[PDB]
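For reference, the structure discussed in these notes is given below.
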Amino acid sequence: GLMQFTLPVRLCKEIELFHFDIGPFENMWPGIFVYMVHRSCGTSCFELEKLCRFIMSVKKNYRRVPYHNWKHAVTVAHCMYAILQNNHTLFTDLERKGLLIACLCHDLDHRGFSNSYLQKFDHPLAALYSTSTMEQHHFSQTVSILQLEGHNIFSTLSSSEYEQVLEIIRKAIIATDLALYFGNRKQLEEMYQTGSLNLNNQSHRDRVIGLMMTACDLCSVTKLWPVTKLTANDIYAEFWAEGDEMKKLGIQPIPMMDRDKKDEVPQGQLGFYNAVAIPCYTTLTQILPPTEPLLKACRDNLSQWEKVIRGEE
Ligand SMILES: CC1(C)C(=O)NC(=O)c2c1ccc1nc(Cc3ccccc3)[nH]c21
Ligand SMILES: [Mg+2]
Ligand SMILES: [Zn+2]
């Protein structure tokens with residue numbers, strides 16, 4: 001109980017900032033997550049032995065894919081940590097518990113393929129879950145690991161609190177389906193502008209937690225340019241492999257997934273920042289003003305992609 005995790009000074013300071021990169025030392029990532037839980041939630045939230053066993057089972061159930069991997073899980077949890085720490089009083093005790101775990105678990109057992117590809121391949125998971133296919137699978141995998149012996153980090157919650165926290169985690173994980181992002185943000189936009197947004201309305205909180213989940217999920221666009229640029233390569237490594245698998249099924253993939261159309265990537269990043277990223281952090285900044293640095297960093301990275309197109313790099 002008297003056993004804090006402490007980070008070296010540069011990490012202790014920079015981990016508080018939105019643009020923090022967790023670094024290339026895999027063995028430090030479990031400690032960074034526990035550090036973040038202890039400060040975000042409390043040193044009493046989780047039994048340390050159980051938490052540690054949970055983290056290591058989650059790590060084991062992330063695959064060695066270029067982007068949708070263990071490092072993404074921890075990266076997305078760090079962004080949630082930064083949002084929670086900058087919005088201290090807005091979130092319940094159960095919410096701070098649930099959301100850091102939801103983020104860590106949100107892409108469990110990802111294979112590096114979209115819901116679209118699962119459906120066109122006729123993958124078994126596409127027959128078990130007709131929409132938000134991989135996201136229903138990620139929640140399913142989270143519950144599985146929580147039910148491993150000595151892995152129930154929520155064991156001290158009442159029967160009804162346990163149900164609420166698993167309901168927080170399910171919605172948060174489903175919300176990382178980008179197909180659901182567009183309508184969720186439009187609805188949040190209308191509620192904020194017409195003045196009807198109400199954080200005591202559970203259905204409203206749900207929508208706001210969903211946008212936070214999209215914001216954390218896309219947070220590679222809020223890093224320093226060299227982090228953002230190299231992470232973009234990793235996601236395109238997945239996209240191009242999926243395009244290869246589409247061609248093997250006799251389907252010309254969309255240009256984004258076609259490795260013969262790499263030239264079109266800079267313009268695809270513009271569309272993505274304009275259609276997805278900027279609107280996401282804009283609405284988030286309206287609802288939670290302290291998250292403005294994510295919008296500022298995203299805008300700086302858009303400008304960097306515009307410079308790539310203009311041959312200024
Ligand atoms: C943040 C990061 C890694 C990025 O830097 N650059 C991307 O392009 C990207 C990212 C994450 C998830 C992405 N999903 C898509 C596909 C998509 C395109 C248009 C509309 C919806 C969905 N692109 C993604
Ligand atoms: Mg996902
Ligand atoms: Zn993700």
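Averaging the Cα positions of each part gives two centres, and for segment 1-52 and segment 105-140 these lie 30 Å apart.
Given their separation in residues at 0.36 nm each and the Cα-Cα distance between them, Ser203 and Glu313 gain 35.1 nm when the chain is fully extended. Using only Cα atoms, tell me the angle between helix 70-85 and the longest principal axis of the chain; keep it within 0 to 90° and round to the nearest 10. The angle comes out at about 60 degrees.
Segment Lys262..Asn233, full-extension length gain: 9.4 nm, with 0.36 nm per residue of separation and the alpha-carbon distance subtracted. When only Cα pairs below 8 angstrom with a gap of at least 6 residues are kept, segment 171-313 shows a relative contact order of 26 percent. Label-to-label distance for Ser159 and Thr6 is 4.5 nm, based on points extended 7 Å past Cα in the beta-carbon direction. Paramagnetic label reach from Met56 (point 7 Å along Cα→Cβ; backbone nitrogen cut-off under 20 Å): within segment 135-168, residues 142-155. Starting from the Cα-Cα distance between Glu14 and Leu94, subtract it from 0.36 nm times their residue separation and give me the gain in nm to one decimal. Length difference between fully extended and current span is 26.2 nm.
For helix 29-40, report the angle its Cα long axis makes with the longest principal axis of the Cα atoms of the chain; keep it between 0 and 90° and round to the nearest 10°. Once rounded, one gets 60 degrees.
Helical content of the chain, expressed as a calculated mean residue ellipticity at 222 nm, amounts to -19500 deg cm²/dmol (DSSP H runs of 4 or more residues, -39,500 (n - 2.57) each, divided by residue number, nearest 500). Principal axis extents of the Cα atoms in the chain, from largest to smallest and rounded to whole angstrom, are 55, 44, 41. To test your reading of the geometry: what angle, between 0 and 90 degrees and rounded to tens, separates the Cα axis of helix 159-174 from the longest principal axis of the chain? Helix 159-174 sits at roughly 10 degrees to that axis.
Find, among the trypsin sites (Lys or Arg not before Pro) in segment 51-119, those assigned to loop by DSSP (not H, G, I, E, B) with at most 10 other beta-carbon atoms within 10 angstrom.
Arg64
Within the shell of other residues whose beta carbon sits under 9 angstrom from the beta carbon of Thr176, the net charge comes to -4, with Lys and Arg scored +1 and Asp and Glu -1.
Straight-line cross-link reach from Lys171 at under 27 Å between alpha-carbon atoms covers these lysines, not counting any fewer than eight positions away in the same chain: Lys50, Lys59, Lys60, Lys71, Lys97, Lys120, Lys186, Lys223.
Across segment 28-310, the relative contact order, built from alpha-carbon pairs under 8 Å that are at least six residues apart, equals 19 percent.
Here Cβ is always computed from backbone atoms with ideal geometry, including for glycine, and neighbour counts include all displayed protein chains. Each reported figure results from applying straightforward, stated rules to the coordinates on display, with no laboratory input.
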